[PDB]
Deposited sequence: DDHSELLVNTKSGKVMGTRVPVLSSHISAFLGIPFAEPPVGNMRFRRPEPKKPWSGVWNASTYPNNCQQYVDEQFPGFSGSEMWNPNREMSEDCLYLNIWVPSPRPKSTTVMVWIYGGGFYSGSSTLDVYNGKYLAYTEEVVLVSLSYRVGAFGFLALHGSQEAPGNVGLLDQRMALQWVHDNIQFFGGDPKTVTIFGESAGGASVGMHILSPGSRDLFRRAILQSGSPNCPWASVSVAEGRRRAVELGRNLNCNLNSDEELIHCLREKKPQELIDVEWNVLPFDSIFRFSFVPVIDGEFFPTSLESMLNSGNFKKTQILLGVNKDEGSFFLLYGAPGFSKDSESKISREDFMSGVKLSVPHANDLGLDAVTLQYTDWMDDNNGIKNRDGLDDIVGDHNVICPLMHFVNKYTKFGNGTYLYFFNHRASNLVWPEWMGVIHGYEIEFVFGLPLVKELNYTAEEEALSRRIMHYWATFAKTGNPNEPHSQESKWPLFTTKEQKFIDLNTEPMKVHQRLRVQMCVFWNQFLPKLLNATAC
């Protein structure tokens, strides 16, 4: 039967799902590891003891325990990202949408969700791979990994909570996809891992981690790099946050094993309640438990790996959205509110700047302000709001990404860079937010084909085209069958992705990124002598 599949782990019974007036198969909730519950919490994942009988893969799995966004209860625009299934520590499952009739051996796309490493679910409506599987005849897998403390608590040196275990869950699912996707019609040598935000940071961390490189062919990174300032922490810093979390829960802190035993006692929601109390600064775009540059998953400083070519050479398609900062300012910067134009006073601008660049001394905060201020219209609240949106985006996504692109492109086998600047016509967020972090995802996954969702003919068009760019790059390592120029360190070409006739540009935010990637760091290092 089209829905019955035999994998090296046992049989799996899928389900037929309708899509655009036709159908496809879906095997939802295939386990890829032993449920990391009990004493296994914080531990590295374990492969799933094979089973007997058919696994019923007819319905989405549980979602990993995680912080639920309650900032705008009832607001679809924020609730669409919240877990839509019972959350549970038993959440390590993967989903596979497969064309019908099952292909013999076609391109695979593995989606890695990316909510700042503290959240994410593979079951979100925007992550429904059926339109993409169906439309581009690719096997689409979306995995799940432990987020938050559960996936990234790190007591380096311990074996009970070594850290990065959420990255190992991803690897484990990549491993399972490698070993079994052939039975579903996929070609395990043409697997493109793609992800957004912390997912794009994950993708890039698989391209760097030695133990992950062989499990995938090429990569797509959306608004995220492994080198983003919020993506990783030193082992010392990761240890510090582990202790503090422990401190917020009244744990014996005499030793790792006491601390870890205490944390394993806590119910999942107790870790989540005090999860944000451990950041070391008042800041926005900083999350608590993230990958630690431990020396195992990452041999060394991401920067030395990047400089030395120590990373998988393949082709990558990456890019950023126009307004990456909006979402984070809205949620944590004073002066921003959802139902107003959030015009910003220079006094709030200065509070935002400081929240956006926590590790900077005053001279640093001084260089940021000088750089993002129109001194000839400095009390302009619209310029200050937008000037802050840029600060947060450039610093956190755009510039660390242009640093990865230029570092990668010197050793990779093809780089394609896009700039998403299209605001969905049916967006329910305030217009001041612009083209928001996470809002290309819906075009990539083809929601604009669902009439009942109300996009515009030009938007459906942009979806089909972006999907064809993703699918076609997954298959051949090139997005083109209007050419999307390859990106070279000399020309710096990239393109716009919007309902208008794409244009090619060069040097995506050079001026600003020279500031963030080259000047600021030098400044912050100088001043400290």
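No C-alpha positions are given for the deposited-sequence stretches 1-3, 485-489.
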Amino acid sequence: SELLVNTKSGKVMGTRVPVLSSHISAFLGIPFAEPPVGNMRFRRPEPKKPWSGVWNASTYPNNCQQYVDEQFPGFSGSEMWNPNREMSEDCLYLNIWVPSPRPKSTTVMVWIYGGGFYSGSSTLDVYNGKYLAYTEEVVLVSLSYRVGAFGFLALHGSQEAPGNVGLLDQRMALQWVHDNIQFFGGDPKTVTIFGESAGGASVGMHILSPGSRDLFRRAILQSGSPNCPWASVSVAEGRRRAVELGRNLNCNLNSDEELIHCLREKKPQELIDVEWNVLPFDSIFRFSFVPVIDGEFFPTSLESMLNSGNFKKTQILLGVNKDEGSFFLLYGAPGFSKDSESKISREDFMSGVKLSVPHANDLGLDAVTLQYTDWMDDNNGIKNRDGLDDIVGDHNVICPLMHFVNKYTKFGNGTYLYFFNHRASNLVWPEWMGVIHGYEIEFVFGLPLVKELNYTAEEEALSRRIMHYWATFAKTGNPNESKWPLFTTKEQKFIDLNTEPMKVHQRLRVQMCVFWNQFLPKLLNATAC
From here on, numbers count along this sequence of modelled residues.
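Rigid core here is just the name for the largest C-alpha set that superposes within 1.5 Å across the two forms.
Of the two stretches examined, 278-286 and 138-146, the one with higher mean CA deviation in 9 other deposited structures of this protein after a rigid core fit is 278-286.
In this entry, 263-271 has the higher mean Cα B-factor, the comparison being between 112-120 and 263-271. Look at the mean CA B-factor for 328-336 and for 103-111 in the entry; the higher one is 103-111. Highest CA B-factor among 169, 390, 452, 90, as stated in the entry: 452. Highest CA B-factor among 288, 248, 314, 180, as stated in the entry: 248. Per the deposited record, the Cα B-factor of residue 323 falls in the lowest third when ranked against the other modelled residues of its chain. When all modelled residues of the chain are sorted by CA temperature factor, residue 473 is found within the lowest third. Per-chain ranking of the deposited C-alpha B factor places residue 128 in the highest third. Per the deposited record, the Cα B-factor of residue 432 falls in the middle third when ranked against the other modelled residues of its chain. Among all modelled residues in its chain, residue 53 ranks in the highest third by Cα B-factor.
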